[PDB]
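Structure record follows, encoded as structure tokens.
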Amino acid sequence: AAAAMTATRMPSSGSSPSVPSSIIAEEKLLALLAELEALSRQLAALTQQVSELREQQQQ
Amino acid sequence: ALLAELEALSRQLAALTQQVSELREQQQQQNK
């Protein structure tokens with residue numbers, strides 16, 4: 001009634017960026033698709049000359 | 001056997017222009 005009455009008396013907000021580091025970029029990209037063919041070409045050339053041992057030993 | 005030698009060369013000499021392209025692009029990627 002008196003004394004104190006003179007003054008006065010959720011779910012999901014879904015953030016995303018959190019506490020990780022900063023990020024950067026560059027545009028000098030992508031030789032790498034050539035080596036996948038270099039590697040599998042030269043791999044064949046190994047077997048090709050293993051065959052050239054065998055095809056001369058068989059003579 | 002000489003003809004299988006030219007065939008091994010057709011692979012192994014198609015590596016040189018490849019290594020040159022690689023050793024070129026690997027020198028683009030050192031500076032900005």
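Every chain in the structure tokens has a letter given in the order shown (A, B, ...), and although residue numbers restart at 1 in each chain, ligands are simply numbered from 1 in the order shown.
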Using 7 Å as the limit and counting only C-alpha atoms, can you tabulate each residue of chain A that touches chain B, with its shortest atom-to-atom distance in Å and the two atoms involved, as CSV?
residue,atom,partner,partner_atom,distance
A:28,CA,B:29,CA,6.2
A:31,CA,B:22,CA,6.9
A:45,CA,B:8,CA,6.5
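The coordinates place atom CA of residue 34 of chain A at 24.7 Å from atom CA of residue 50 of chain A.
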Write down as a list in words the residues of chain B whose backbone DSSP state falls under helix (DSSP H, G or I).
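The residues of chain B classed as helix (DSSP H, G or I) are residues 2, 3, 4, 5, 6, 7, 8, 9, 10, 11, 12, 13, 14, 15, 16, 17, 18, 19, 20, 21, 22, 23, 24, 25, 26, 27 and 28 of chain B.
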Atoms to include: N, CA, C and O atoms. Write the selected residues as a tab-separated table (two decimals), in the first residue's frame.
chain	number	residue	atom	x	y	z
B	2	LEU	N	62.07	-50.62	-81.63
B	2	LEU	CA	62.25	-49.18	-81.88
B	2	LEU	C	60.91	-48.42	-81.85
B	2	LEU	O	60.82	-47.29	-81.38
B	3	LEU	N	59.86	-49.07	-82.31
B	3	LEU	CA	58.53	-48.48	-82.44
B	3	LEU	C	57.83	-48.35	-81.08
B	3	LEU	O	57.18	-47.35	-80.81
B	4	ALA	N	58.04	-49.30	-80.16
B	4	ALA	CA	57.63	-49.14	-78.77
B	4	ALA	C	58.50	-48.10	-78.02
B	4	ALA	O	58.04	-47.46	-77.08
B	5	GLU	N	59.73	-47.86	-78.50
B	5	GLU	CA	60.56	-46.76	-77.99
B	5	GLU	C	59.99	-45.39	-78.37
B	5	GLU	O	59.76	-44.56	-77.50
B	6	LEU	N	59.66	-45.16	-79.64
B	6	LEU	CA	58.96	-43.92	-80.03
B	6	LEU	C	57.63	-43.75	-79.30
B	6	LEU	O	57.22	-42.64	-78.99
B	7	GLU	N	56.94	-44.84	-78.97
B	7	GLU	CA	55.73	-44.76	-78.17
B	7	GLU	C	56.03	-44.34	-76.71
B	7	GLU	O	55.38	-43.43	-76.21
B	8	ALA	N	57.06	-44.90	-76.07
B	8	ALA	CA	57.50	-44.43	-74.76
B	8	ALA	C	57.93	-42.97	-74.79
B	8	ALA	O	57.57	-42.20	-73.90
B	9	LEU	N	58.61	-42.53	-75.85
B	9	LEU	CA	58.94	-41.12	-76.07
B	9	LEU	C	57.69	-40.24	-76.24
B	9	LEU	O	57.65	-39.14	-75.71
B	10	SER	N	56.65	-40.70	-76.93
B	10	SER	CA	55.44	-39.90	-77.10
B	10	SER	C	54.77	-39.58	-75.76
B	10	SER	O	54.26	-38.48	-75.59
B	11	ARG	N	54.83	-40.49	-74.78
B	11	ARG	CA	54.46	-40.20	-73.39
B	11	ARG	C	55.52	-39.31	-72.74
B	11	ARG	O	55.21	-38.22	-72.28
B	12	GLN	N	56.77	-39.76	-72.68
B	12	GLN	CA	57.78	-39.17	-71.80
B	12	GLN	C	58.20	-37.77	-72.23
B	12	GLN	O	58.59	-36.98	-71.38
B	13	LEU	N	58.10	-37.44	-73.51
B	13	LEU	CA	58.38	-36.11	-74.04
B	13	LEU	C	57.16	-35.17	-73.95
B	13	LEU	O	57.32	-33.95	-73.94
B	14	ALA	N	55.95	-35.70	-73.78
B	14	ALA	CA	54.77	-34.91	-73.42
B	14	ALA	C	54.73	-34.52	-71.92
B	14	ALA	O	53.80	-33.86	-71.46
B	15	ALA	N	55.75	-34.91	-71.16
B	15	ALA	CA	55.98	-34.42	-69.80
B	15	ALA	C	56.72	-33.08	-69.78
B	15	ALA	O	56.62	-32.34	-68.81
B	16	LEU	N	57.48	-32.73	-70.82
B	16	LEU	CA	58.40	-31.58	-70.76
B	16	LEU	C	57.65	-30.26	-70.83
B	16	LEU	O	57.87	-29.38	-70.02
B	17	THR	N	56.71	-30.15	-71.77
B	17	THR	CA	55.84	-28.97	-71.90
B	17	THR	C	54.90	-28.84	-70.70
B	17	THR	O	54.57	-27.74	-70.28
B	18	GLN	N	54.54	-29.97	-70.10
B	18	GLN	CA	53.80	-30.03	-68.85
B	18	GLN	C	54.64	-29.48	-67.69
B	18	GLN	O	54.24	-28.47	-67.12
B	19	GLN	N	55.84	-30.00	-67.44
B	19	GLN	CA	56.73	-29.47	-66.39
B	19	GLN	C	57.06	-28.00	-66.63
B	19	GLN	O	57.12	-27.25	-65.67
B	20	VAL	N	57.23	-27.57	-67.87
B	20	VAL	CA	57.44	-26.16	-68.20
B	20	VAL	C	56.23	-25.31	-67.84
B	20	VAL	O	56.38	-24.27	-67.22
B	21	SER	N	55.01	-25.74	-68.14
B	21	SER	CA	53.80	-25.01	-67.73
B	21	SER	C	53.68	-24.93	-66.21
B	21	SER	O	53.35	-23.89	-65.66
B	22	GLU	N	54.02	-26.01	-65.53
B	22	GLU	CA	53.96	-26.10	-64.08
B	22	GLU	C	55.01	-25.18	-63.46
B	22	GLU	O	54.66	-24.27	-62.72
B	23	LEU	N	56.28	-25.29	-63.86
B	23	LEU	CA	57.37	-24.41	-63.45
B	23	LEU	C	57.19	-22.95	-63.89
B	23	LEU	O	57.87	-22.07	-63.37
B	24	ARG	N	56.30	-22.64	-64.83
B	24	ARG	CA	55.86	-21.28	-65.16
B	24	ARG	C	54.80	-20.79	-64.17
B	24	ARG	O	54.97	-19.75	-63.55
B	25	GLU	N	53.72	-21.54	-63.98
B	25	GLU	CA	52.61	-21.12	-63.12
B	25	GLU	C	53.02	-21.08	-61.64
B	25	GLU	O	52.66	-20.17	-60.91
B	26	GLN	N	53.94	-21.95	-61.24
B	26	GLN	CA	54.55	-21.96	-59.91
B	26	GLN	C	55.47	-20.74	-59.65
B	26	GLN	O	55.85	-20.48	-58.51
B	27	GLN	N	55.77	-19.94	-60.68
B	27	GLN	CA	56.43	-18.64	-60.57
B	27	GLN	C	55.47	-17.45	-60.70
B	27	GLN	O	55.78	-16.35	-60.25
B	28	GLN	N	54.25	-17.64	-61.23
B	28	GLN	CA	53.18	-16.65	-61.09
B	28	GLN	C	52.73	-16.52	-59.63
B	28	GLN	O	52.27	-15.46	-59.21
